[PDB]
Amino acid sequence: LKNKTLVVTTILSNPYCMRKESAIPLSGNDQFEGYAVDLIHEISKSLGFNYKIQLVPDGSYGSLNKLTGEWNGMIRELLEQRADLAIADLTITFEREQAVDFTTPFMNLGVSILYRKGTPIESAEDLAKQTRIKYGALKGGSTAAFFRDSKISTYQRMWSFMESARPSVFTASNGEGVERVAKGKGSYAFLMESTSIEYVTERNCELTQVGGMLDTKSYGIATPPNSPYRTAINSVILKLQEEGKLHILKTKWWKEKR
């Protein structure tokens, strides 16, 4: 890895990878900033390679066409050898790990609830046993998928409530869901990743996360299968974690920058 150059696939997603706020055009890696940009910088420092950030062209993380065997997104880019590393808010999942390899996690998370502050609602269970408060998710997102496939009775009942609701509780973006909570006066809760919720609550003091996590998953760096660099990056992630550098990066991007 010393004196090598890697292509890093990523995806625009706040605050992991973002276009910098400057009217002056920026070139190459310089146009981007965020937690993932800083993470690959720290990994490249420890291991001494150069890299080039390329946004994934189809703007997708990676899903499998069960019928055709066809992948899209960042996963496809690794499998086609157009990227050496995928560094993003990319979840380690069973389906993806059949096609690519993942490092140990650099961030942990789970589905949770975004709601208004100062209510009696304390848990998913308080939502499910009632009908006045509506709740939804990003249409066709990973949170919607979790509820669709859950066989935990509480969440199966919640997906049932979600699909049976009219007008529609699903949103076309997470900023639309956040607005629906912010303007809903308690009539609407939004389901998304806990990391996304933290980012929102840092910037909207009337909003809060309700309860804990409804599932447990992680973001890791994905590599082509049997990549010769996964094991070296694993050690770097654990070192950065233990030194507190990942905690600093999270504080920086969730609480300091905007």
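Residue numbers here begin at 1 and follow the sequence given.
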If you take the mean CA temperature factor per stretch, which one wins between 10-18 and 234-242? 10-18
For 93-101 versus 170-178, entry-based mean Cα B-factors point to 170-178
Looking at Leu85, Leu109, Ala145, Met158, which has the highest CA B-factor as recorded? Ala145
Return the residue from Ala165, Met74, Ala137, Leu114 that has the highest Cα B-factor in the entry. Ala165
Once the chain's modelled residues are ordered by C-alpha B factor and cut into thirds, is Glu202 in the lowest, middle or highest one? middle
Cα B factor band for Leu78 (lowest, middle or highest third within the chain): lowest
Considering only modelled residues of the same chain, in which third does the CA B-factor of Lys217 rank: lowest, middle or highest? middle
Going by the recorded CA B-factors, say which third of the chain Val210 sits in, lowest, middle or highest. middle
Taking the entry's C-alpha B-factors for this chain, is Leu26 in the lowest, middle or highest third? highest
